[PDB]
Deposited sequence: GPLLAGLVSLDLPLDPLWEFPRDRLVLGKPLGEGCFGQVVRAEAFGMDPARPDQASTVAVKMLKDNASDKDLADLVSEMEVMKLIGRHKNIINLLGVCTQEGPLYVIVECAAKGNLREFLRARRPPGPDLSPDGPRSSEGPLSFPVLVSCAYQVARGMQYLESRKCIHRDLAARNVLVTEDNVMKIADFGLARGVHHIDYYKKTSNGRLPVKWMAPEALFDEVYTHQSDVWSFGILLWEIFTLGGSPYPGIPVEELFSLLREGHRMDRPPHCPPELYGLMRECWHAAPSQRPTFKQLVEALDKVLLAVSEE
């Protein structure tokens, strides 16, 4: 029996749930909405519905409620997943957000790795200026979130969604992260080791700043230009600990210009103050994007 928010309340009967998309902090199901635009009541639209699992411990609810409230106040930005509406009255809690039809950035890239009929046999779906654009968009989305004082605490390609128009949208930015209980050896459902995105001050000192998201952004950069690779590939977690303590970093990935590996290394500077800010990252990536001629 949650309170009614008229601005965000959407009739649940105007939703038609489809196939589930993924899990977590609750689950997410693809659905069709009717009249999401109040000007066109009978117009369908494909949205993503966030709801509780069948676990329903009351802190799962509180966490989803908490995420909902964050979604309400973050505001609108093209490079983050935006709230469309919520269903709270007379039924299960739904959090309706934008749907990115091409999945997350990692799945997007791995499915588009280069391959002999035709004039462009060698040409894969992914070009350098499009990879830079992906990075630049995530940077500006993160720049926005930082300005609204929203730390991500888990920034990865897995948490960056790709729309039909190849627009990068940052997801799951307003979340309870379980910061004080992280199983550093625990890999997720899709085999991800979140510890490999953690800044040293976050990993060793449990300290999160916007600069700790910058470290993660550098890891996200490595993912992009490996076309969906897993960072510290094949390296056991036990090694990652002593590896970072000795100040070691990932090598420069194949077919990656020194401009971008330089940016990566900058984001991975030990001291938070000697890392670029997202604003500086946006500008630097823009200059690269500018250098693409025509």
query	finding
Ranges of the deposited sequence (numbered from 1) for which no C-alpha atom is modelled	1-10, 35, 127-131, 311
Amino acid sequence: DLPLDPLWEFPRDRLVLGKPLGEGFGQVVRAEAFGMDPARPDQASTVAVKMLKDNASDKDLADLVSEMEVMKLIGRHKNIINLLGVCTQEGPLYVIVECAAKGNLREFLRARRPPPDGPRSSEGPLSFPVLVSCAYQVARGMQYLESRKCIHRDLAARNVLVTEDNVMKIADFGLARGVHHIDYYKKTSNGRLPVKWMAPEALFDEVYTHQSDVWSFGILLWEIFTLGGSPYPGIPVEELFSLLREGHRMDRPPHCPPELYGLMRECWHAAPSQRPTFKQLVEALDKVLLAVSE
From here on, numbers count along this sequence of modelled residues.
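By rigid core we mean the largest C-alpha set that fits within 1.5 Å across both forms.
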| item | value |
| --- | --- |
| Which of 239-247 and 55-63 lies farther from this form in 4 other deposited structures of this protein, as RMS of C-alpha positions after a rigid core fit | 55-63 |
| 43-51 against 227-235 - segment lying farther from this form in 4 other deposited structures of this protein (CA RMS, rigid core fit) | 227-235 |
| Higher-scoring stretch by recorded Cα B factor average, 215-223 or 143-151 | 143-151 |
| Stretch with the greater mean C-alpha B-factor as recorded in the entry, comparing 256-264 against 59-67 | 59-67 |
| From 194, 114, 129, 200, residue of greatest CA B-factor | 114 |
| Third of the chain's Cα B-factor distribution that residue 95 belongs to, per the entry | middle |
| Residue 250 CA temperature factor, ranked by third within the chain | lowest |
| B-factor third for the C-alpha atom of residue 169 within its chain | lowest |
| Entry-reported Cα temperature factor of residue 84, expressed as the chain third it lands in | middle |
| Residue 121 CA temperature factor, ranked by third within the chain | highest |
